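Participant: Before I ask anything, here's the sequence and the deposited coordinates:
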Amino acid sequence: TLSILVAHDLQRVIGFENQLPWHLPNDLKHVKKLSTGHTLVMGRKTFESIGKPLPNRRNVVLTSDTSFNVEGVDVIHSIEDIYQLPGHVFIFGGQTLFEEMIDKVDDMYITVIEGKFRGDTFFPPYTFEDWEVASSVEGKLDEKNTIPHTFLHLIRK
Ligand SMILES: NC(=O)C1=CN([C@H]2O[C@H](COP(=O)(O)OP(=O)(O)OC[C@H]3O[C@@H](n4cnc5c(N)ncnc54)[C@H](OP(=O)(O)O)[C@@H]3O)[C@@H](O)[C@H]2O)C=CC1
Ligand SMILES: CCc1nc(N)nc(N)c1C#C[C@H](C)c1cc(OC)cc(-c2ccncc2)c1
């Protein structure tokens, strides 16, 4: 199973100066629920921005640096190596990798942040003509989750 796992805002911003533009604890738990026990693939810049691999799942980093090695991180150097990964595999970031992968994945788990942030990293444009809406669930606003957001699970037609 090959999926995209992304959060972007109303203009597809997914990042600004190595950071998430928004603090949204509910989306983290959403990420933890979907990806625990499975595989996360990410480009080198996405990984360095987190700074440590995420617990209780396989962390795979794509890079051309043959010296790259991090404890708890499996390295690949080829787009093609992604397809040799066993199990449910999530493309986690960033813009470059999504651009390479958005035409290959079976489905996408998008968190739409109903806001307009300043960004420098973008999720690629996509149209609903090509994706069926398997589910659309609004996140709940509260104390710590203060921006409207929506979980989409889109499947390719
Ligand atoms: N929401 C998110 O996913 C967030 C992501 N980011 C980031 O993404 C931003 C923009 O950078 P972006 O380039 O999209 O990040 P990526 O995570 O996609 O990293 C790109 C890197 O991945 C490696 N790579 C990609 N494709 C291949 C390939 N086909 N073969 C071998 N290696 C490959 C290269 O690593 P190498 O150069 O080592 O060879 C390349 O430089 C960064 O500023 C960073 O902060 C920032 C905040 C949030
Ligand atoms: C959740 C945000 C998020 N949500 C969804 N639904 N998909 C995603 N792919 C990401 C994402 C992301 C990037 C990799 C990111 C950047 C970052 O910059 C500091 C910190 C984290 C992060 C710190 C702590 N735990 C998990 C992830 C993740």
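Facilitator: That came through fine. Residues are numbered from 1 along each chain as shown. Ligands and ions are numbered 1, 2, ... in the order given.
Participant: which bits of the chain sit near ligand 1?
Facilitator: 14-15, 18-20, 42-46, 49, 62-65, 77-79, 93-97, 100, 121 (C-beta under 6 Å from any ligand atom). Placement of C-beta: from N, CA and C, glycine included.
Participant: who's in contact with the nearest residue to residue 85 once chain neighbours are set aside?
Facilitator: Counting by C-beta to C-beta, 6 or more residues apart in numbering, residue 39 is the residue found nearest to residue 85 once chain neighbours are left out, at 5.7 Å. Applying C-beta atoms under 8 Å, 6 or more residues apart in numbering to residue 39 gives the contacts 57-58, 60, 85-90.
Participant: Packing partners of the longest helix along the chain?
Facilitator: Longest helix in the chain, counting residues (DSSP state H): helix 25-35. Secondary-structure packing of helix 25-35 (3 or more C-beta pairs under 8 Å, 6 or more residues apart in numbering; DSSP states H and E): strand 2-8, strand 89-93, strand 107-113, strand 149-156.
Participant: what about burial for the contacts of residue 39, which qualify?
Facilitator: By neighbour count, with 16 or more other C-beta atoms under 10 Å, the contacts of residue 39 hold 57-58, 60, 85, 89-90 as buried.
Participant: which ones are touching residue 83?
Facilitator: By C-beta under 8 Å, 6+ apart, the contact list for residue 83 reads residue 2.
Participant: returning to that earlier point: roughly how far does the residue nearest to residue 85 sit from residue 114?
Facilitator: Distance of residue 39 to residue 114, given as C-beta to C-beta, to the nearest Å: 29 Å.
Participant: Could you do residue 61 as well?
Facilitator: In terms of C-beta to C-beta, residue 61 sits 31 Å off from residue 114.
Participant: Which of the two has more residues huddled nearby?
Facilitator: Each of residue 61 and residue 114 has its neighbours counted (other C-beta atoms under 10 Å); residue 61 has more, 24 against 12.
Participant: Just list whatever residues bridge to that one.
Facilitator: residue 42, residue 75 (DSSP bridges).
Participant: Please apply the same query to residue 149.
Facilitator: residue 113.
Participant: Isn't it up against residue 27?
Facilitator: Yes - Residue 149 is within contact range of residue 27, at 6.6 Å (criterion: C-beta atoms under 8 Å).
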